[PDB]
Amino acid sequence: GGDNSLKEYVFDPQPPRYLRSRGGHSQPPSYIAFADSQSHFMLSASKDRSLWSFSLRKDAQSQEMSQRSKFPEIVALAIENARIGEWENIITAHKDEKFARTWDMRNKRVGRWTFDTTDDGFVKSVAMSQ
RNA sequence: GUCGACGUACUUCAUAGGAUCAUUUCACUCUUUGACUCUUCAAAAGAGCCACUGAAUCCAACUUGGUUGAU
């Protein structure tokens, strides 16, 4: 379609089925960041409220993250790659919200923590240590 | 200390006959063993993560029937 994605639907022998697909952000992006010290995976967030982690290499395979009606868009992002694989290491704010969510770089899946301002404001800036 | 001769005790010094063994179709019932699946006297992980779909169990909610008696 016009939404920057191809999807293969196959009639498993009767309804069809989502077989395999490739796509991306339908709307242009808002904030990106480099995830590795080896120039392989980039982290990307847009205004159509999806979240994709792309590769850079010759394949151009990529993977949309797991958010698990979309979430509000990201205005402030921060990333560290020091403790990958163990717990969450990506910190995201959202427009007009009061809590900053976390994210795992390893499992491509959302975090388990919501972060409070404790002053009833909006989250304007995020940061992590080394 | 050693050797000569006397004594006592010890053990050991028998290997008979004859056999044997090497060389001269069709079906039913029952019995034994092994394999597959699962489980009891028990720890792990990987090919580890996210998707769309399928099935089960429990608690809540809804209907049916029940003191002229459900369990």
# chains A, B, ... in the order shown; residues from 1 in each chain; ligands from 1
>>> closest_atom_pairs(of="chain B", to="chain A", cutoff="9 Å", atoms="only C-alpha atoms (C1' of nucleotides)", output="Markdown table")
| residue | atom | partner | partner_atom | distance |
| --- | --- | --- | --- | --- |
| B:49 | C1' | A:107 | CA | 5.2 |
| B:50 | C1' | A:66 | CA | 6.3 |
| B:51 | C1' | A:66 | CA | 8.6 |
| B:52 | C1' | A:18 | CA | 6.5 |
| B:53 | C1' | A:17 | CA | 8.6 |
>>> write_last_selection(atoms="C-alpha atoms (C1' of nucleotides)", output="PDB file, in the first residue's frame")
ATOM      1  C1'   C B  49      13.365 -13.465  21.929  1.00  0.00           C
ATOM      2  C1'   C B  50       8.975 -11.049  19.655  1.00  0.00           C
ATOM      3  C1'   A B  51       4.855 -11.853  16.689  1.00  0.00           C
ATOM      4  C1'   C B  52      -0.577 -14.092  14.273  1.00  0.00           C
ATOM      5  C1'   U B  53      -3.374 -18.310  15.309  1.00  0.00           C
TER       6        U B  53
END
>>> residues_around(residues="residue 44 (chain A)", least_positions_apart="2", cutoff="6 Å", atoms="only C-alpha atoms (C1' of nucleotides)", output="list in words")
residues 32, 52 and 53 of chain A
>>> write_last_selection(atoms="N, CA and C atoms", output="mmCIF file, in the first residue's frame")
data_model
loop_
_atom_site.group_PDB
_atom_site.id
_atom_site.type_symbol
_atom_site.label_atom_id
_atom_site.label_comp_id
_atom_site.auth_asym_id
_atom_site.auth_seq_id
_atom_site.Cartn_x
_atom_site.Cartn_y
_atom_site.Cartn_z
ATOM 1 N N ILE A 32 16.216 9.326 16.892
ATOM 2 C CA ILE A 32 17.023 8.136 16.677
ATOM 3 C C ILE A 32 18.177 8.151 17.663
ATOM 4 N N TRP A 52 10.906 1.162 16.021
ATOM 5 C CA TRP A 52 11.644 0.198 15.218
ATOM 6 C C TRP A 52 13.124 0.250 15.555
ATOM 7 N N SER A 53 13.738 -0.924 15.641
ATOM 8 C CA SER A 53 15.186 -1.044 15.706
ATOM 9 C C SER A 53 15.657 -1.600 14.374
#
>>> residues_around(residues="residue 75 (chain A)", least_positions_apart="5", cutoff="8 Å", atoms="only C-alpha atoms (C1' of nucleotides)", output="PyMOL selection string")
chain A and resi 30-31+92-95+124
>>> select_by_dssp(residues="chain A", states="strand (DSSP E)", output="VMD selection string")
chain A and resid 5 to 10 17 to 23 29 to 34 41 to 46 51 to 55 62 to 64 77 to 79 90 to 92 99 to 103 110 to 116
>>> atom_distance(atom1="CA of residue 43 (chain A)", atom2="CA of residue 62 (chain A)")
10.3 Å
>>> residues_around(residues="residue 4 (chain A)", least_positions_apart="3", cutoff="10 Å", atoms="only C-alpha atoms (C1' of nucleotides)", output="list in words")
residues 1, 22, 23, 24, 25, 26 and 27 of chain A
>>> residues_around(residues="residue 39 (chain A)", least_positions_apart="4", cutoff="9 Å", atoms="only C-alpha atoms (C1' of nucleotides)", output="ChimeraX atom specification")
/A:34-35,55-57
>>> write_last_selection(atoms="N, CA and C atoms", output="short mmCIF file (atom, residue, chain, number, x, y, z; two decimals), in the first residue's frame")
data_model
loop_
_atom_site.label_atom_id
_atom_site.label_comp_id
_atom_site.auth_asym_id
_atom_site.auth_seq_id
_atom_site.Cartn_x
_atom_site.Cartn_y
_atom_site.Cartn_z
N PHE A 34 22.18 5.76 18.30
CA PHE A 34 23.02 4.60 18.03
C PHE A 34 23.11 3.69 19.24
N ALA A 35 22.96 2.39 19.01
CA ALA A 35 22.82 1.45 20.10
C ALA A 35 24.10 0.71 20.43
N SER A 55 18.71 -2.58 11.48
CA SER A 55 20.12 -2.84 11.26
C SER A 55 20.67 -1.86 10.24
N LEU A 56 21.99 -1.79 10.17
CA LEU A 56 22.66 -0.98 9.18
C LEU A 56 23.29 -1.79 8.07
N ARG A 57 23.40 -3.10 8.24
CA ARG A 57 24.30 -3.85 7.38
C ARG A 57 23.56 -4.31 6.13
#
>>> atom_distance(atom1="CA of residue 54 (chain A)", atom2="CA of residue 100 (chain A)")
22.7 Å
>>> atom_distance(atom1="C1' of residue 44 (chain B)", atom2="CA of residue 88 (chain A)")
26.7 Å
>>> residues_around(residues="residue 116 (chain A)", least_positions_apart="4", cutoff="10 Å", atoms="only C-alpha atoms (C1' of nucleotides)", output="list in words")
residues 97, 98, 99, 100, 101, 120, 121, 122 and 123 of chain A
>>> residues_around(residues="residue 86 (chain A)", least_positions_apart="4", cutoff="12 Å", atoms="only C-alpha atoms (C1' of nucleotides)", output="list in words")
residues 81, 82, 103, 104, 105, 106, 107 and 111 of chain A
